[PDB]
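In: I would like to see how this sequence folds:
(one chain, ligands or ions: 6)
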Amino acid sequence: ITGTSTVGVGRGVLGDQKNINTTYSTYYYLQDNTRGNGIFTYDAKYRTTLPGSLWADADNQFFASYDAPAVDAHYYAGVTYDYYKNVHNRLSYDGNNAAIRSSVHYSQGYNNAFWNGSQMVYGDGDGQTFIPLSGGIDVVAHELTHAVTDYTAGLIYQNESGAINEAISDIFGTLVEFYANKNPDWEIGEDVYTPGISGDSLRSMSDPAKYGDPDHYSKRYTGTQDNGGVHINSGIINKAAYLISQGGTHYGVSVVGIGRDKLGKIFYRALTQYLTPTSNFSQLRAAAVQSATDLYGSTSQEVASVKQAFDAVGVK
Ligand SMILES: O=C(O)CCNC(=O)c1ccccc1
Ligand SMILES: [Ca+2]
Ligand SMILES: [Ca+2]
Ligand SMILES: [Ca+2]
Ligand SMILES: [Ca+2]
Ligand SMILES: [Zn+2]
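Out: Numbering: from 1, shown residues only. Ligands and ions are numbered 1, 2, ... in the order given. Below you will find the coordinate block:
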């Protein structure tokens, strides 16, 4: 909407106070004009019509329990924008400052979040398996990164290309969580998963096997569930990414870590310059090796470590 840029204040899902960029025109709307062509957060009002209504508030204070998922969707979309712009010189998900749209309160008790081809969507959870999913910065950044992939490599969401699509969203979800630097880890969804259980998460990049996901190509899933295992086989690539950053010895193969920033530069370059819609895991290894060669040189430690990591997970 047309109006003037303002700064509201509220609390997120986990009870933390934060400032949010709003727009005033009779009401205060969750419309952040400070980033690209705007960040816009909508209320789906427990229904499944999208996007729903641009979020409107009478006094620019967002401390109601009902407000919390919107505060965090809006704020964490901003953090994710800032990561891509400041770290990768990428302006929004299309590279041309596309408006970022999110809806919260989608459906009733909905234990998930997604990118629907046009916008991010967050359930509230059922309060047992999940609390409102926009409370996890890694979830918000995972979803926005699906939009980045769709505009870049375009990895088809099935089988190995789909498991790479998934791992790219877990990788950059995690690097955005480290960028924001509030309790960062290599786990996915821990801030919003199972409020009655501490220390768990939906997936782990450091040890995918903790939640039944493969950590080696010989354990890949080849059935038809889950679009051919895209949230399962993503563990093989998530483990490779973790080893490139952090190092380790995995099934006897040692990897020298090169740290998160270099992981991000290598996988950002692979995603935007080498991967294609039908890339498989072997092709991802070649893309990552070439990206590391462009950035660091063919005889570099970085190239060696990429090779070691994919060797450690059985991807040639
Ligand atoms: O792939 C998607 O975006 C849809 C499936 N959802 C997830 O992967 C997820 C991640 C973190 C927390 C909750 C759900
Ligand atoms: Ca209010
Ligand atoms: Ca965390
Ligand atoms: Ca995490
Ligand atoms: Ca938990
Ligand atoms: Zn995903």
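In: wait, residue 142 sits on residue 188?
Out: Yes - Residue 142 is within contact range of residue 188, at 7.0 Å (criterion: CB atoms under 8 Å). C-beta: built from backbone N, CA, C; applies to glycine.
In: Which residues are in contact with each of those two?
Out: Residues touching both residue 142 and residue 188 comprise 170, 173, with contact defined as CB atoms under 8 Å, 6 or more residues apart in numbering.
In: So which of those two has more stuff around it?
Out: Each of residue 142 and residue 188 has its neighbours counted (other CB atoms under 10 Å); residue 142 has more, 29 against 25.
In: Which neighbouring residues are in contact with the more buried one, exactly?
Out: 113, 169-170, 172-173, 188.
In: residues in contact with stretch 275-284?
Out: So stretch 275-284 is contacted by 152-156, 160-161, 163-164, 217, 236-237, 270, 287, 315-316 (CB under 8 Å, 6+ apart).
In: run the last query once more with 7 Å
Out: 153-156, 160-161, 164, 217, 236-237, 270, 287, 315-316 (CB atoms under 7 Å, 6 or more residues apart in numbering).
In: Just the buried positions in that stretch, please.
Out: Buried positions in stretch 275-284, judged by neighbour count with 16 or more other CB atoms under 10 Å: 275, 279, 281, 283-284.
In: now swap in stretch 244-255 and tell me
Out: By 16+ other CB under 10 Å, the buried positions in stretch 244-255 come out as 244-248, 250, 255.
In: now swap in stretch 46-62 and tell me
Out: Residues of stretch 46-62 classed as buried by neighbour count (16+ other CB under 10 Å): 51-52, 54-57, 60, 62.
In: mind listing which of those are in helices?
Out: Among those, no member falls in helices (DSSP state H).
In: Is it possible to mark the buried ones in the contacts of stretch 275-284?
Out: Using 16+ other CB under 10 Å, the buried ones in those are 153, 155-156, 160-161, 164, 217, 236-237, 270, 287, 315.
In: residues contacting the residue of the chain at minimum distance from ligand 5?
Out: Across the chain, no residue is closer to ligand 5 than residue 194, which sits at 3.5 Å (CB to the ion). Residues near residue 194 by CB under 7 Å, 6+ apart: 129, 200.
In: Ligand 4 contacts on the stretch 51-200 of the chain?
Out: By CB under 5 Å from the ion, the residues of the stretch 51-200 of the chain that approach ligand 4 are 138, 177, 185, 187.
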